[PDB]
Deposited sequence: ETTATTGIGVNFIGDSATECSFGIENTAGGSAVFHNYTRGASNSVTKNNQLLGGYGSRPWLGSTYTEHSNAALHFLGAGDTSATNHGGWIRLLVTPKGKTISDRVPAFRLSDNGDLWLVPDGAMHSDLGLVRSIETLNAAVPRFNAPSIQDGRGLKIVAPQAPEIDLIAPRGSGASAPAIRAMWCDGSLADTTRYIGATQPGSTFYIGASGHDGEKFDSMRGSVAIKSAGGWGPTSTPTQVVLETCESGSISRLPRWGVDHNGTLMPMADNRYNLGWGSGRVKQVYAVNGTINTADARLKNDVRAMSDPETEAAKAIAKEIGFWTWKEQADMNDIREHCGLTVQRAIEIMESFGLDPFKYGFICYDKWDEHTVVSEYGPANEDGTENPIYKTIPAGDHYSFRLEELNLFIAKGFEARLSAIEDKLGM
């Protein structure tokens, strides 16, 4: 039944495991320094090893400068024997916790306790060891996961992942803690192996302080970052600013939509602001006579059309192209006529239902290669307008007006 150690005097009641190296030498790296474990009864014998256990192990060979030690907990899956038991919890000597469930690592890697030791055991892995000592690492086949199960009760289901930024340190005698500083960030993103190693994140969401904080001001922003094909460095692309503006994170560089991914429409209050600054342009030349002629002819093409229930006003780019060429102009040297083309490509179209193999089941779809003819209607309207101006000036001269 019950075995116990008692100290009646007010001191500690503690159990110790004492272990040596061979022939009184120092204890070694990964040597089992101590253990506690259950052995269940099979009917007439106990198991030969523990089915659940706590192990104390060495971290490096013991010496006057190294007393390194780490911990793991071992479990045995239902339906398996102690030959297939799993060191699923490993508390590294650096203080990190590794969670390595059944199926994640071969039993040859049962002594891995860090990125450094994992790199050594799997030479091609090459993850950054600067990530050691930072907290929790989960290794699982395919889909390592954190589930936050949140019953509402009488309030709200509101799971959360919360960074807590501050100035200062909990590591010294002083323990100053102060206001969040500029450059405070929280990245939620993905690193990956590139064929040679893992490195920095190449895609992420980042919540950032937008300046230093004070009791009346705690500004932030949220930024989405991606890495381009043929490149190995991620860039901030789009973000929401402290004032709520949704903006590209570089000027005159990123689009909204593309040929095979067009916005259906925009609801705005004010008109789009387009820069038309003399300092960024060459001189504005007058239109040639063929250009003016084409401008006049294009105005005659304006009518009404439908798609394949309302009547839309305008013309086709193909019609404008024929008119342009009939006056000897190359239509694609003009900014109001656009052509976009794209290759065949595959996209996630939807998600299947959860099944026996996983909960997240993307359904793929192939988008055929294609192309579009398009206008910039603001610039087209101005082209047409110059046509009207030339026609009006010709009339005004004929009436000495």
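According to the record, C-alpha coordinates are lacking for deposited residues 1-19, 328-334.
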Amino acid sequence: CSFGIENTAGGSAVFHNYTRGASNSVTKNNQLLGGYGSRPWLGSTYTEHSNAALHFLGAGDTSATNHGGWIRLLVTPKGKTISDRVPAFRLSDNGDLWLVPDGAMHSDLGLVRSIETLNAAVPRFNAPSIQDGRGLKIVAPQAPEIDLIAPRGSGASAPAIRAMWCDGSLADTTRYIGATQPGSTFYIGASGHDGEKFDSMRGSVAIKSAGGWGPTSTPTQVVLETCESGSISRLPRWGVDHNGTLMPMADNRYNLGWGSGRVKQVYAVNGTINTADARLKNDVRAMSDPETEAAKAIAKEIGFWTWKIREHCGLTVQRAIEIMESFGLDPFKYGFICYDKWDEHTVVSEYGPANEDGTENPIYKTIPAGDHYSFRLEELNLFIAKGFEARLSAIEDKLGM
From here on, numbers count along this sequence of modelled residues.
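As listed in the deposited structure, the average C-alpha B-factor of 269-277 and of 225-233 is greater for 269-277. Here the stretch with the larger average CA B-factor, out of 388-396 and 7-15, is 388-396. Take 150, 309, 246, 112 and read off each C-alpha B-factor from the entry; 309 has the highest. Per the deposited coordinates, the residue with the largest Cα temperature factor out of 58, 35, 40, 353 is 353. Looking at the C-alpha B-factors along this chain, the one for residue 46 belongs to the middle third.
Compared with the other modelled residues of the chain, the Cα B-factor recorded for residue 285 ranks in the highest third. In the PDB entry, a CA B factor belonging to the middle third of its chain's modelled residues is recorded for residue 195. Sort the chain's modelled residues by C-alpha temperature factor and residue 331 lands in the highest third, per the entry. Among all modelled residues in its chain, residue 72 ranks in the lowest third by Cα B-factor.
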